[PDB]
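data.tsv follows (TSV, C-alpha atoms and all ligand atoms):
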chain	number	residue	atom	x	y	z
G	1	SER	CA	101.25	68.96	112.62
G	2	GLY	CA	100.14	72.44	113.69
G	3	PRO	CA	100.76	75.85	112.10
G	4	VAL	CA	103.93	76.57	110.14
G	5	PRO	CA	106.52	78.46	112.29
G	6	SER	CA	107.64	82.01	111.42
G	7	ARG	CA	110.55	84.38	112.09
G	8	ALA	CA	110.96	88.11	111.57
G	9	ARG	CA	112.62	89.00	108.27
G	10	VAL	CA	114.70	91.73	109.90
G	11	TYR	CA	116.07	92.43	113.41
G	12	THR	CA	115.50	88.75	114.07
G	13	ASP	CA	118.21	88.21	116.65
G	14	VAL	CA	118.68	91.69	118.08
G	15	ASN	CA	117.74	90.49	121.58
G	16	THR	CA	119.55	87.18	121.18
G	17	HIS	CA	122.75	89.18	120.83
G	18	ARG	CA	122.23	91.62	123.69
G	19	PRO	CA	123.02	91.20	127.42
G	20	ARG	CA	120.27	89.42	129.35
G	21	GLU	CA	119.70	92.56	131.42
G	22	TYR	CA	118.57	94.37	128.24
G	23	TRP	CA	115.43	92.26	127.73
G	24	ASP	CA	114.93	90.54	131.12
G	25	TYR	CA	112.56	93.13	132.60
G	26	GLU	CA	111.41	90.77	135.38
G	27	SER	CA	114.79	91.29	137.09
G	28	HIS	CA	114.80	95.06	136.58
G	29	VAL	CA	114.84	97.01	139.83
G	30	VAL	CA	113.08	100.37	139.80
G	31	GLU	CA	114.72	103.38	141.42
G	32	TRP	CA	111.99	105.76	142.50
G	33	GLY	CA	111.93	109.52	142.06
G	34	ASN	CA	110.14	111.88	144.40
G	35	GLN	CA	106.38	112.25	143.95
G	36	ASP	CA	106.42	115.56	145.84
G	37	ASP	CA	108.14	117.10	142.82
G	38	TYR	CA	104.85	116.96	140.87
G	39	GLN	CA	101.47	118.64	141.30
G	40	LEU	CA	98.50	117.31	139.31
G	41	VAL	CA	96.62	120.02	137.41
G	42	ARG	CA	93.86	118.30	135.41
G	43	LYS	CA	92.79	114.81	134.40
G	44	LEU	CA	93.31	114.09	130.69
G	45	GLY	CA	91.92	110.61	130.41
G	46	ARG	CA	90.86	107.47	132.17
G	47	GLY	CA	91.90	104.07	130.89
G	48	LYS	CA	91.43	100.51	132.06
G	49	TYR	CA	95.04	100.36	133.20
G	50	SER	CA	95.67	103.95	134.23
G	51	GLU	CA	94.55	107.52	134.88
G	52	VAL	CA	96.32	110.27	132.96
G	53	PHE	CA	96.89	113.81	134.25
G	54	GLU	CA	98.47	117.02	133.15
G	55	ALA	CA	100.88	117.98	135.92
G	56	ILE	CA	103.48	120.55	136.94
G	57	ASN	CA	107.04	119.87	138.07
G	58	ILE	CA	107.12	122.41	140.88
G	59	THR	CA	110.92	122.56	140.91
G	60	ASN	CA	111.21	124.17	137.46
G	61	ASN	CA	107.60	124.94	136.49
G	62	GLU	CA	107.62	122.65	133.46
G	63	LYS	CA	104.46	120.83	132.41
G	64	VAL	CA	104.59	117.05	132.46
G	65	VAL	CA	102.11	114.28	131.98
G	66	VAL	CA	101.56	111.73	134.74
G	67	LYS	CA	100.19	108.26	134.15
G	68	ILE	CA	99.02	106.73	137.44
G	69	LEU	CA	98.79	102.96	137.02
G	70	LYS	CA	96.00	100.69	138.24
G	71	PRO	CA	97.10	97.90	140.57
G	72	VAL	CA	98.73	95.29	138.33
G	73	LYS	CA	101.44	92.65	138.77
G	74	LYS	CA	104.96	94.04	139.07
G	75	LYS	CA	106.03	92.20	135.89
G	76	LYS	CA	103.79	94.11	133.43
G	77	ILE	CA	104.81	97.43	134.99
G	78	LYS	CA	108.47	96.51	134.87
G	79	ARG	CA	108.10	95.54	131.19
G	80	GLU	CA	106.76	98.96	130.19
G	81	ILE	CA	109.38	100.75	132.29
G	82	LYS	CA	112.25	98.68	130.88
G	83	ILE	CA	111.06	99.29	127.32
G	84	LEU	CA	110.64	103.06	127.89
G	85	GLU	CA	114.14	103.23	129.38
G	86	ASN	CA	115.68	101.16	126.57
G	87	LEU	CA	114.02	103.36	123.94
G	88	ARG	CA	114.56	106.74	125.61
G	89	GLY	CA	116.20	109.25	123.30
G	90	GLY	CA	115.04	107.38	120.20
G	91	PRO	CA	113.47	109.40	117.36
G	92	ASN	CA	109.86	110.40	118.06
G	93	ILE	CA	109.65	108.03	121.08
G	94	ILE	CA	107.87	109.59	124.11
G	95	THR	CA	110.37	110.47	126.85
G	96	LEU	CA	109.94	108.94	130.30
G	97	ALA	CA	111.13	111.63	132.71
G	98	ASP	CA	110.54	110.03	136.11
G	99	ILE	CA	108.98	107.10	137.95
G	100	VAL	CA	107.35	107.88	141.30
G	101	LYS	CA	105.09	106.21	143.82
G	102	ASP	CA	101.74	107.99	143.92
G	103	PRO	CA	101.16	108.97	147.56
G	104	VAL	CA	97.41	108.38	147.44
G	105	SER	CA	97.03	105.23	145.32
G	106	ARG	CA	100.38	103.76	146.45
G	107	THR	CA	100.83	102.64	142.83
G	108	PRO	CA	103.60	103.54	140.39
G	109	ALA	CA	103.12	106.76	138.45
G	110	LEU	CA	105.06	107.33	135.22
G	111	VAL	CA	106.08	110.90	134.41
G	112	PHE	CA	106.42	111.89	130.74
G	113	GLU	CA	107.52	114.91	128.78
G	114	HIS	CA	104.53	117.07	127.89
G	115	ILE	CA	103.41	117.35	124.27
G	116	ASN	CA	100.98	120.11	123.40
G	117	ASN	CA	99.07	117.96	120.97
G	118	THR	CA	96.58	119.19	118.41
G	119	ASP	CA	93.10	117.73	118.85
G	120	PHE	CA	91.84	115.26	116.25
G	121	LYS	CA	88.88	117.36	115.07
G	122	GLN	CA	91.07	120.24	113.92
G	123	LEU	CA	93.95	118.06	112.76
G	124	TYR	CA	92.21	115.59	110.48
G	125	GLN	CA	90.19	118.31	108.79
G	126	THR	CA	93.25	120.46	108.15
G	127	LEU	CA	95.91	117.87	107.24
G	128	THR	CA	97.32	118.28	103.72
G	129	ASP	CA	98.84	115.59	101.49
G	130	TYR	CA	102.34	116.73	102.51
G	131	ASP	CA	101.42	116.70	106.24
G	132	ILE	CA	100.32	113.07	106.01
G	133	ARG	CA	103.53	111.99	104.25
G	134	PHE	CA	105.63	113.95	106.74
G	135	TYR	CA	103.95	112.48	109.84
G	136	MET	CA	103.91	108.96	108.37
G	137	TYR	CA	107.65	109.31	107.81
G	138	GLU	CA	108.12	110.43	111.43
G	139	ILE	CA	106.10	107.45	112.70
G	140	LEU	CA	108.25	105.12	110.57
G	141	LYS	CA	111.42	106.51	112.19
G	142	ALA	CA	110.05	105.54	115.59
G	143	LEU	CA	108.98	102.09	114.48
G	144	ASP	CA	112.25	101.35	112.72
G	145	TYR	CA	114.08	102.45	115.85
G	146	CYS	CA	112.06	100.36	118.28
G	147	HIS	CA	112.08	97.33	115.94
G	148	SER	CA	115.89	97.73	115.57
G	149	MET	CA	116.00	97.67	119.38
G	150	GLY	CA	114.12	94.38	119.48
G	151	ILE	CA	110.75	95.76	120.55
G	152	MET	CA	107.23	95.45	119.05
G	153	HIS	CA	104.84	98.29	120.03
G	154	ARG	CA	101.68	96.24	119.39
G	155	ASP	CA	99.25	99.12	119.89
G	156	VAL	CA	99.83	101.43	116.92
G	157	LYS	CA	96.72	103.59	116.44
G	158	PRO	CA	95.83	107.29	115.94
G	159	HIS	CA	95.32	107.96	119.64
G	160	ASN	CA	98.81	106.59	120.45
G	161	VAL	CA	100.40	109.07	118.06
G	162	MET	CA	100.67	112.55	119.62
G	163	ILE	CA	101.08	115.45	117.20
G	164	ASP	CA	101.99	119.06	118.06
G	165	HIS	CA	101.14	120.35	114.59
G	166	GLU	CA	102.43	123.93	114.88
G	167	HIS	CA	105.89	122.56	115.79
G	168	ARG	CA	105.57	119.59	113.42
G	169	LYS	CA	106.37	117.40	116.41
G	170	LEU	CA	105.28	113.79	116.84
G	171	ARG	CA	105.60	111.21	119.64
G	172	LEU	CA	104.64	107.53	119.70
G	173	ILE	CA	103.12	106.88	123.14
G	174	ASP	CA	101.49	104.13	125.22
G	175	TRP	CA	104.09	101.40	125.44
G	176	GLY	CA	102.05	99.34	127.87
G	177	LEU	CA	101.41	96.49	125.40
G	178	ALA	CA	104.96	96.50	124.00
G	179	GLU	CA	107.14	93.38	124.18
G	180	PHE	CA	110.62	92.12	123.30
G	181	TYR	CA	110.85	90.04	120.15
G	182	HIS	CA	112.45	86.62	120.50
G	183	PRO	CA	112.43	84.39	117.41
G	184	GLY	CA	110.22	81.33	117.86
G	185	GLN	CA	108.24	82.77	120.78
G	186	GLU	CA	104.43	82.44	120.73
G	187	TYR	CA	102.88	85.77	121.72
G	188	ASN	CA	99.49	86.78	123.16
G	189	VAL	CA	97.21	87.74	120.26
G	190	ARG	CA	95.05	89.94	122.52
G	191	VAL	CA	96.95	93.11	121.61
G	192	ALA	CA	96.20	96.25	119.55
G	193	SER	CA	92.83	98.00	119.17
G	194	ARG	CA	90.28	95.93	117.23
G	195	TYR	CA	90.39	98.24	114.21
G	196	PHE	CA	94.20	97.98	113.88
G	197	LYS	CA	94.65	94.28	114.58
G	198	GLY	CA	96.58	92.42	111.88
G	199	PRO	CA	95.18	89.27	110.19
G	200	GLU	CA	97.68	87.16	112.19
G	201	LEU	CA	95.93	88.17	115.45
G	202	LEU	CA	92.46	87.67	113.98
G	203	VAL	CA	93.26	84.08	112.99
G	204	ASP	CA	95.12	83.36	116.27
G	205	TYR	CA	98.60	82.96	114.74
G	206	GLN	CA	100.82	83.54	117.78
G	207	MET	CA	104.31	83.45	116.26
G	208	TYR	CA	104.06	87.01	114.90
G	209	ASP	CA	106.69	89.76	114.90
G	210	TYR	CA	107.47	93.43	114.18
G	211	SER	CA	105.38	93.29	111.01
G	212	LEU	CA	102.22	93.48	113.14
G	213	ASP	CA	103.01	97.19	113.63
G	214	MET	CA	103.23	97.68	109.86
G	215	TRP	CA	99.69	96.37	109.36
G	216	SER	CA	98.43	98.79	112.04
G	217	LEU	CA	100.30	101.62	110.36
G	218	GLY	CA	98.77	100.74	107.00
G	219	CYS	CA	95.35	100.93	108.65
G	220	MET	CA	96.24	104.42	109.86
G	221	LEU	CA	97.39	105.54	106.43
G	222	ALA	CA	94.17	104.32	104.80
G	223	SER	CA	92.06	106.13	107.40
G	224	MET	CA	93.99	109.36	106.80
G	225	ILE	CA	94.12	109.45	103.00
G	226	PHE	CA	90.60	108.08	102.49
G	227	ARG	CA	89.24	110.18	105.40
G	228	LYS	CA	87.45	107.30	107.17
G	229	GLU	CA	88.46	106.51	110.77
G	230	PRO	CA	88.76	103.68	111.40
G	231	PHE	CA	89.16	102.39	107.90
G	232	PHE	CA	88.25	98.76	108.77
G	233	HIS	CA	85.35	98.97	111.23
G	234	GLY	CA	84.32	95.55	112.58
G	235	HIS	CA	81.85	94.98	115.43
G	236	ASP	CA	83.95	92.20	116.97
G	237	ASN	CA	87.20	90.40	116.20
G	238	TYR	CA	85.53	87.97	113.81
G	239	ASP	CA	83.72	90.73	111.94
G	240	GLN	CA	86.97	92.71	111.79
G	241	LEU	CA	88.50	90.05	109.51
G	242	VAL	CA	85.31	90.11	107.42
G	243	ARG	CA	85.72	93.88	106.90
G	244	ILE	CA	89.34	93.30	105.82
G	245	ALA	CA	88.33	90.47	103.44
G	246	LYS	CA	85.67	92.63	101.78
G	247	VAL	CA	88.50	94.86	100.60
G	248	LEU	CA	91.58	92.62	100.23
G	249	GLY	CA	89.55	89.64	98.95
G	250	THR	CA	89.16	86.10	100.27
G	251	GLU	CA	91.45	84.50	97.66
G	252	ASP	CA	94.61	86.00	99.16
G	253	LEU	CA	93.22	85.39	102.65
G	254	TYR	CA	92.83	81.66	102.07
G	255	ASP	CA	96.23	81.57	100.37
G	256	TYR	CA	97.63	83.08	103.59
G	257	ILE	CA	95.79	80.54	105.71
G	258	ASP	CA	97.07	77.74	103.46
G	259	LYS	CA	100.70	78.88	103.54
G	260	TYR	CA	100.88	78.78	107.36
G	261	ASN	CA	98.55	75.79	107.79
G	262	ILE	CA	96.19	77.82	109.98
G	263	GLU	CA	92.90	76.23	111.02
G	264	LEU	CA	89.74	78.33	111.11
G	265	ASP	CA	86.46	77.50	112.79
G	266	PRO	CA	84.02	76.35	110.08
G	267	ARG	CA	81.66	79.16	111.07
G	268	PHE	CA	84.48	81.65	110.53
G	269	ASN	CA	84.62	80.51	106.89
G	270	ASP	CA	80.89	81.09	106.65
G	271	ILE	CA	80.92	84.71	107.75
G	272	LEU	CA	84.08	85.26	105.66
G	273	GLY	CA	82.34	84.08	102.52
G	274	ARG	CA	83.71	84.93	99.09
G	275	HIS	CA	84.84	88.45	98.22
G	276	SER	CA	86.69	89.90	95.29
G	277	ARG	CA	89.78	92.02	95.88
G	278	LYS	CA	88.75	95.65	95.42
G	279	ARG	CA	90.88	98.30	93.71
G	280	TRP	CA	92.17	101.00	96.10
G	281	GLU	CA	90.70	103.58	93.69
G	282	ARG	CA	87.23	102.41	94.79
G	283	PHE	CA	87.59	104.50	97.98
G	284	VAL	CA	88.69	107.70	96.29
G	285	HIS	CA	86.01	110.40	96.10
G	286	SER	CA	85.87	114.18	95.68
G	287	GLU	CA	86.42	114.89	99.38
G	288	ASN	CA	89.62	112.86	99.73
G	289	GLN	CA	91.26	112.80	96.29
G	290	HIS	CA	93.63	115.63	97.25
G	291	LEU	CA	95.25	113.22	99.74
G	292	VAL	CA	95.52	110.32	97.34
G	293	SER	CA	98.30	109.71	94.77
G	294	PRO	CA	99.58	106.72	92.80
G	295	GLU	CA	102.56	106.67	95.19
G	296	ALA	CA	100.25	106.59	98.23
G	297	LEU	CA	98.19	103.70	96.84
G	298	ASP	CA	101.27	101.71	95.86
G	299	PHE	CA	102.72	102.28	99.33
G	300	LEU	CA	99.43	101.39	101.02
G	301	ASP	CA	99.21	98.18	99.03
G	302	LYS	CA	102.60	97.05	100.27
G	303	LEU	CA	101.65	97.52	103.94
G	304	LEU	CA	98.17	95.99	103.91
G	305	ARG	CA	99.11	92.44	103.00
G	306	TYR	CA	97.71	89.34	104.66
G	307	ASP	CA	101.08	87.60	104.80
G	308	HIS	CA	103.03	89.31	107.57
G	309	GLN	CA	106.31	88.24	105.91
G	310	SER	CA	105.48	90.15	102.71
G	311	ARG	CA	104.72	93.58	104.29
G	312	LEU	CA	107.34	96.32	104.02
G	313	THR	CA	109.68	96.70	106.98
G	314	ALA	CA	109.78	100.21	108.45
G	315	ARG	CA	113.13	100.94	106.78
G	316	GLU	CA	111.89	99.71	103.37
G	317	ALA	CA	108.77	101.82	103.78
G	318	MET	CA	110.92	104.92	104.35
G	319	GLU	CA	112.61	104.30	100.97
G	320	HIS	CA	109.28	104.42	99.13
G	321	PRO	CA	108.84	107.18	96.48
G	322	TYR	CA	105.84	108.35	98.52
G	323	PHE	CA	108.42	109.96	100.82
G	324	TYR	CA	110.85	111.48	98.30
G	325	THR	CA	109.69	115.05	99.03
G	326	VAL	CA	109.84	114.50	102.80
G	327	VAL	CA	113.36	113.06	102.63
G	328	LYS	CA	114.60	115.95	100.48
G	329	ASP	CA	113.12	118.45	102.96
G	330	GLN	CA	114.77	116.73	105.96
G	331	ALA	CA	118.20	116.72	104.31
G	332	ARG	CA	119.32	119.96	105.95
G	333	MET	CA	122.74	121.60	106.24
G	334	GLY	CA	121.85	122.70	109.76
G	401	LIG	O1	101.82	105.17	128.05
G	401	LIG	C1	101.55	106.34	127.86
G	401	LIG	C2	100.26	106.79	127.95
G	401	LIG	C3	99.95	108.18	127.73
G	401	LIG	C4	98.60	108.68	127.83
G	401	LIG	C5	98.64	109.99	127.15
G	401	LIG	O2	98.15	109.81	125.84
G	401	LIG	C6	97.82	111.23	127.71
G	401	LIG	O3	98.17	112.42	127.17
G	401	LIG	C7	99.67	112.67	126.90
G	401	LIG	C8	100.64	111.60	126.97
G	401	LIG	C9	102.02	111.81	126.75
G	401	LIG	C10	102.46	113.12	126.43
G	401	LIG	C11	101.48	114.18	126.36
G	401	LIG	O4	101.87	115.48	126.06
G	401	LIG	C12	100.11	113.95	126.60
G	401	LIG	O5	99.19	115.01	126.52
G	401	LIG	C13	100.12	110.32	127.29
G	401	LIG	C14	100.93	108.97	127.44
G	401	LIG	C15	102.28	108.54	127.34
G	401	LIG	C16	102.55	107.20	127.54
G	401	LIG	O6	103.86	106.71	127.44

Would you encode the structure as structure tokens?
Amino acid sequence: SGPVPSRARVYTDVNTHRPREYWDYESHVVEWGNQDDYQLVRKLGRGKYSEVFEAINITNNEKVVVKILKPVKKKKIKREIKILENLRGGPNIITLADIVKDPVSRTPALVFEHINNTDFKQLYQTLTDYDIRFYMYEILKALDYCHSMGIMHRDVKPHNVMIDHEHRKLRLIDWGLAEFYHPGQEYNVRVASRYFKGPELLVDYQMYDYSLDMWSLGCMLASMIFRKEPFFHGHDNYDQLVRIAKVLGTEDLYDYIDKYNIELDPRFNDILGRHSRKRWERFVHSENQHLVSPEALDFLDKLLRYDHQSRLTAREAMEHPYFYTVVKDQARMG
């Protein structure tokens, strides 16, 4: 008949129950700020869809970051803008400060709050067990918030998580692949970085939901506590699922495929083969054991599940004993 349909377990109808103007980004009309407020200072990065610069707001001398977009259809730009505006003020969500027309490229440029982020090299060789729990908890706040607002990020990965370590400050950035969740909708599976793609994308199951972000987050946790980035390192999208199967096993993978009546290319089955489920303890060695605990492995195991419907939600994840010390610490009298 086709694959078995699927709905999100939580926040299923959040957009169903909001005004059309909340999620109908195509009709959103941008009001433009003034580009002459901002002077570019140095290029930070070059992407396929944008250039990113450190800049100065010359009217108050504050640093900002400017993302100058490549020419793209109005609809994709409006989607990102709408989502950033809907989510503005949410916990650990990057703040969109302004939208201007770049005077040279004549393309939209998005202006963000500046985060003095610690570079990866120093960070992931200095992070303690407590640091990892704390920052994971902060990422979960952002994901619960955006999921509760009817939005999937769909590009959760280390480089889209900015951390200012001395201020213990974290922002989830890069909302350019984000989309509104509508139950029953078939989404594009060409989202997320290869290494953080969930099984549902790798087998071309389009009716996915917020739980995609929880797989990606589980991949991030594994890479941090086992000190191997990325944890699942495939050479293409097919090989990515093979790397996952060599750890999670093929039994539970085929059970997943059976439950949703998903059809795989016969050659996919070949490369997938037959693999036993490994114990998480197999990846613990002397150089990472200080980051690993029974609580971390239990938590990890409940994120990295083939069946998207069986993964923890962000709110459930925050209730895990892994975070008891973090929660206690954040319970302040102020
Ligand atoms: O869509 C994006 C993309 C970026 C690219 C980029 O990662 C560059 O570097 C940044 C930054 C944001 C704050 C910041 O302090 C910083 O250094 C960025 C973004 C924010 C977004 O919403």

Which residue, G:160, G:92, G:12, G:288, has the smallest gap to ligand LIG 401 (chain G) when you use only C-alpha atoms and all ligand atoms? G:160

Contacts of ligand LIG 401 (chain G), 9 Å or closer, all atoms listed in the file, given as JSON, numbers by chain: {"G": [44, 45, 46, 47, 50, 51, 52, 53, 54, 63, 64, 65, 66, 67, 80, 84, 93, 94, 95, 96, 110, 111, 112, 113, 114, 115, 116, 117, 159, 160, 161, 162, 163, 164, 171, 172, 173, 174, 175, 176]}

When you count all atoms listed in the file, which of these residues is closest to residue 8 (chain G): G:122, G:35, G:261, G:148?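 Smallest distance to residue 8 (chain G) is found for G:148.
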
Excluding region 194-196 of chain G and its own-chain neighbours fewer than 3 positions away, which residues fall within 6 Å of it when counting all atoms listed in the file? Please give them as a ChimeraX atom specification. /G:216,232-233

Option closest in space to residue 285 (chain G), from G:97, G:225, G:207, G:146 [counting all atoms listed in the file]: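 Closest candidate: G:225.
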
Pick out the closest residue to residue 99 (chain G) from this set: G:27, G:223, G:34, G:313. Count only C-alpha atoms.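 Ranked by minimum distance to residue 99 (chain G), first place goes to G:34.
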
Dig up all the protein and nucleic acid residues within 12 Å of (87.8, 85.9, 96.1) in the file frame, using only C-alpha atoms, and format them as a list in words.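 Every polymer residue passing the test: residues 245, 246, 247, 248, 249, 250, 251, 252, 253, 254, 255, 272, 273, 274, 275, 276, 277 and 278 of chain G.
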
Non-local contacts of residue 296 (chain G) (12 Å; all atoms listed in the file; under 3 positions in same chain excluded) as an MDAnalysis selection string: chainID G and resid 129:130 132:133 136 218 221:222 224:226 280:281 284 289:293 299:303 317 320:324

Limited to C-alpha atoms, could you put the picked residues into a file as a PDB file, in the coordinates of the input?
ATOM      1  CA  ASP G 129      98.840 115.590 101.490  1.00  0.00           C
ATOM      2  CA  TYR G 130     102.340 116.730 102.510  1.00  0.00           C
ATOM      3  CA  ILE G 132     100.320 113.070 106.010  1.00  0.00           C
ATOM      4  CA  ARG G 133     103.530 111.990 104.250  1.00  0.00           C
ATOM      5  CA  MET G 136     103.910 108.960 108.370  1.00  0.00           C
ATOM      6  CA  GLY G 218      98.770 100.740 107.000  1.00  0.00           C
ATOM      7  CA  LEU G 221      97.390 105.540 106.430  1.00  0.00           C
ATOM      8  CA  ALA G 222      94.170 104.320 104.800  1.00  0.00           C
ATOM      9  CA  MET G 224      93.990 109.360 106.800  1.00  0.00           C
ATOM     10  CA  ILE G 225      94.120 109.450 103.000  1.00  0.00           C
ATOM     11  CA  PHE G 226      90.600 108.080 102.490  1.00  0.00           C
ATOM     12  CA  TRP G 280      92.170 101.000  96.100  1.00  0.00           C
ATOM     13  CA  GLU G 281      90.700 103.580  93.690  1.00  0.00           C
ATOM     14  CA  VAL G 284      88.690 107.700  96.290  1.00  0.00           C
ATOM     15  CA  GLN G 289      91.260 112.800  96.290  1.00  0.00           C
ATOM     16  CA  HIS G 290      93.630 115.630  97.250  1.00  0.00           C
ATOM     17  CA  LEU G 291      95.250 113.220  99.740  1.00  0.00           C
ATOM     18  CA  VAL G 292      95.520 110.320  97.340  1.00  0.00           C
ATOM     19  CA  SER G 293      98.300 109.710  94.770  1.00  0.00           C
ATOM     20  CA  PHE G 299     102.720 102.280  99.330  1.00  0.00           C
ATOM     21  CA  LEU G 300      99.430 101.390 101.020  1.00  0.00           C
ATOM     22  CA  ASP G 301      99.210  98.180  99.030  1.00  0.00           C
ATOM     23  CA  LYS G 302     102.600  97.050 100.270  1.00  0.00           C
ATOM     24  CA  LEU G 303     101.650  97.520 103.940  1.00  0.00           C
ATOM     25  CA  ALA G 317     108.770 101.820 103.780  1.00  0.00           C
ATOM     26  CA  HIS G 320     109.280 104.420  99.130  1.00  0.00           C
ATOM     27  CA  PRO G 321     108.840 107.180  96.480  1.00  0.00           C
ATOM     28  CA  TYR G 322     105.840 108.350  98.520  1.00  0.00           C
ATOM     29  CA  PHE G 323     108.420 109.960 100.820  1.00  0.00           C
ATOM     30  CA  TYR G 324     110.850 111.480  98.300  1.00  0.00           C
TER      31      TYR G 324
END

Minimum-distance residue to residue 239 (chain G), chosen among G:259, G:311, G:332, G:197 (using all atoms listed in the file):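 Closest to residue 239 (chain G) of all the choices is G:197.
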
Which of these residues is nearest to residue 73 (chain G), using only C-alpha atoms: G:183, G:103, G:19, G:108? G:108

Gap from CA of residue 327 (chain G) to CA of residue 143 (chain G) - Å, one decimal: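 CA of residue 143 (chain G) lies 16.7 Å from CA of residue 327 (chain G).
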
Identify, on the basis of all atoms listed in the file, every residue whose closest approach to residue 79 (chain G) does not exceed 6 Å; exclude the query and any residue fewer than 3 positions from it along the same chain; express the result as a PyMOL selection string. chain G and resi 25+76+82

What is the CA of residue 271 (chain G) to CA of residue 206 (chain G) distance in Å?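 Distance reported for this atom pair: 22.3 Å.
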
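CA of residue 48 (chain G) to CA of residue 158 (chain G) spans 18.0 Å [interatomic distance, one decimal].
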
Emit as JSON the padded axis-aligned box for all listed atoms of region 15-19 of chain G, 8 Å per side, with centre and edge lengths in Å to one decimal.
{"center_x": 120.4, "center_y": 89.4, "center_z": 124.1, "size_x": 21.3, "size_y": 20.4, "size_z": 22.6}

Pull region 134-152 of chain G out of the block and emit N, CA and C atoms, as a PDB file, in the first residue's frame.
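The resulting result-v6.pdb:
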ATOM      1  N   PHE G 134      25.768  19.977  31.361  1.00  0.00           N
ATOM      2  CA  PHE G 134      25.204  21.322  31.424  1.00  0.00           C
ATOM      3  C   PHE G 134      24.823  21.816  30.014  1.00  0.00           C
ATOM      4  N   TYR G 135      25.735  21.686  29.062  1.00  0.00           N
ATOM      5  CA  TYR G 135      25.463  22.187  27.712  1.00  0.00           C
ATOM      6  C   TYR G 135      24.425  21.340  26.978  1.00  0.00           C
ATOM      7  N   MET G 136      24.388  20.041  27.258  1.00  0.00           N
ATOM      8  CA  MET G 136      23.339  19.198  26.684  1.00  0.00           C
ATOM      9  C   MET G 136      21.977  19.656  27.185  1.00  0.00           C
ATOM     10  N   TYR G 137      21.915  19.994  28.470  1.00  0.00           N
ATOM     11  CA  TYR G 137      20.677  20.457  29.087  1.00  0.00           C
ATOM     12  C   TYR G 137      20.225  21.777  28.442  1.00  0.00           C
ATOM     13  N   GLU G 138      21.179  22.669  28.201  1.00  0.00           N
ATOM     14  CA  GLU G 138      20.886  23.941  27.547  1.00  0.00           C
ATOM     15  C   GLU G 138      20.419  23.751  26.098  1.00  0.00           C
ATOM     16  N   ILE G 139      20.998  22.796  25.382  1.00  0.00           N
ATOM     17  CA  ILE G 139      20.523  22.496  24.030  1.00  0.00           C
ATOM     18  C   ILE G 139      19.092  21.953  24.070  1.00  0.00           C
ATOM     19  N   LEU G 140      18.815  21.068  25.029  1.00  0.00           N
ATOM     20  CA  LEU G 140      17.464  20.519  25.186  1.00  0.00           C
ATOM     21  C   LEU G 140      16.396  21.583  25.467  1.00  0.00           C
ATOM     22  N   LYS G 141      16.759  22.620  26.217  1.00  0.00           N
ATOM     23  CA  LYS G 141      15.827  23.729  26.454  1.00  0.00           C
ATOM     24  C   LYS G 141      15.435  24.375  25.142  1.00  0.00           C
ATOM     25  N   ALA G 142      16.420  24.581  24.276  1.00  0.00           N
ATOM     26  CA  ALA G 142      16.147  25.211  22.984  1.00  0.00           C
ATOM     27  C   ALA G 142      15.274  24.322  22.106  1.00  0.00           C
ATOM     28  N   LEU G 143      15.566  23.033  22.103  1.00  0.00           N
ATOM     29  CA  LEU G 143      14.843  22.114  21.242  1.00  0.00           C
ATOM     30  C   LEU G 143      13.433  21.925  21.766  1.00  0.00           C
ATOM     31  N   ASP G 144      13.272  21.793  23.080  1.00  0.00           N
ATOM     32  CA  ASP G 144      11.912  21.706  23.601  1.00  0.00           C
ATOM     33  C   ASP G 144      11.124  22.971  23.225  1.00  0.00           C
ATOM     34  N   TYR G 145      11.759  24.127  23.348  1.00  0.00           N
ATOM     35  CA  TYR G 145      11.066  25.356  23.041  1.00  0.00           C
ATOM     36  C   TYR G 145      10.636  25.384  21.582  1.00  0.00           C
ATOM     37  N   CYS G 146      11.561  25.117  20.671  1.00  0.00           N
ATOM     38  CA  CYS G 146      11.217  25.259  19.254  1.00  0.00           C
ATOM     39  C   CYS G 146      10.232  24.165  18.833  1.00  0.00           C
ATOM     40  N   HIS G 147      10.380  22.949  19.364  1.00  0.00           N
ATOM     41  CA  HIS G 147       9.376  21.906  19.108  1.00  0.00           C
ATOM     42  C   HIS G 147       7.993  22.312  19.649  1.00  0.00           C
ATOM     43  N   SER G 148       7.957  22.920  20.838  1.00  0.00           N
ATOM     44  CA  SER G 148       6.698  23.361  21.451  1.00  0.00           C
ATOM     45  C   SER G 148       6.072  24.489  20.630  1.00  0.00           C
ATOM     46  N   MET G 149       6.898  25.145  19.822  1.00  0.00           N
ATOM     47  CA  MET G 149       6.432  26.214  18.948  1.00  0.00           C
ATOM     48  C   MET G 149       6.186  25.694  17.539  1.00  0.00           C
ATOM     49  N   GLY G 150       6.185  24.371  17.370  1.00  0.00           N
ATOM     50  CA  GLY G 150       5.803  23.792  16.100  1.00  0.00           C
ATOM     51  C   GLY G 150       6.878  23.784  15.033  1.00  0.00           C
ATOM     52  N   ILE G 151       8.132  23.896  15.451  1.00  0.00           N
ATOM     53  CA  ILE G 151       9.251  23.983  14.511  1.00  0.00           C
ATOM     54  C   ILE G 151      10.277  22.870  14.725  1.00  0.00           C
ATOM     55  N   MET G 152      10.708  22.238  13.624  1.00  0.00           N
ATOM     56  CA  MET G 152      11.837  21.295  13.608  1.00  0.00           C
ATOM     57  C   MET G 152      13.073  22.051  13.128  1.00  0.00           C
TER      58      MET G 152
END
